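The primary structure of each chain is shown beneath.
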Amino acid sequence: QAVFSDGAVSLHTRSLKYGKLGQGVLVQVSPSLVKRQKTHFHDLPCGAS
RNA sequence: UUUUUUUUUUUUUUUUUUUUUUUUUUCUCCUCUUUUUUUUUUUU
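Going by the header, the method for this PDB entry is cryo-EM, and the resolution given is 3.7 Å.

Per the PDB entry, chain A goes by the name Exosome complex component RRP4 and belongs to Homo sapiens. The record lists the entry's title as "80S-bound human Ski2-exosome complex".

### Concerning the overall build of chain A
Secondary structure assignment for chain A yields 0 helices and 2 strands. Considering only C-alpha atoms, chain A reaches an extent of 45 × 25 × 20 Å along its principal axes. Scored against the burial criterion, the 49 residues of chain A give a buried share of 0%. Only carbon and sulfur atoms are counted for the fraction: they give 57% of the accessible area of chain A, which is about 5600 Å².

### Structural notes on the protein's contact with RNA strand B
Close contacts around RNA strand B come from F4, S5 and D6, and that covers them all. For RNA strand B, the backbone makes up 9% of the atoms found within 4 Å of the protein, where backbone means sugar plus phosphate. At 3.4 Å from a base nitrogen of RNA strand B is found a side-chain nitrogen or oxygen belonging to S5.

### Observations concerning the environment of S49
You can see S49 is positioned in the segment after strand 2 (9-10). Separated by 45 residues in the primary sequence, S49 and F4 place their C-alpha atoms 33 Å from one another. Non-local contacts of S49, meaning those with residues more than four positions away in its chain, are made with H42 and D43.

What counts and what doesn't
- Residues numbered from 1 in each chain as written, not as in the entry; some residues may be left out.
- Chains lettered and ligands numbered in written order.
- Part of a larger assembly, values for the part shown.
- Heavy atoms only, no water.
- Helix = DSSP H or I, 4+ residues; strand = E, 2+ residues; numbered from the N terminus.
- Buried < 20%, exposed > 50% of the residue type's maximum accessible area, 1.4 Å probe, protein only.
- Areas by Shrake-Rupley, 256 points an atom, 1.4 Å probe, with all protein chains shown as cover.
- Near = heavy atom within 4 Å.
- Polar contact = N/O pair within 3.5 Å; in protein donor to acceptor, adjacent residues only side chain to side chain.
- Contact = heavy atoms within 4.5 Å.

Structure below.
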């Protein structure tokens, strides 16, 4: 949502695609291998998202 | 003879801890010559 005065970040969930997630797996990598785009949500035609 | 409207200095604070100088090496190593050893004694 906005940037605080000491580098803190406030985040909001004011939409329909945002909120608590369900089942799946999580993979954590360095935050420099992700390419900037305009659609970070994907529905890959393989059987998963 | 030139009207009307365009917000602004991050929210939070009432957290526990039962130790003690230093600290850790260096090897074996030819001693030259008048001697037995003098000696009581007294004046401090």
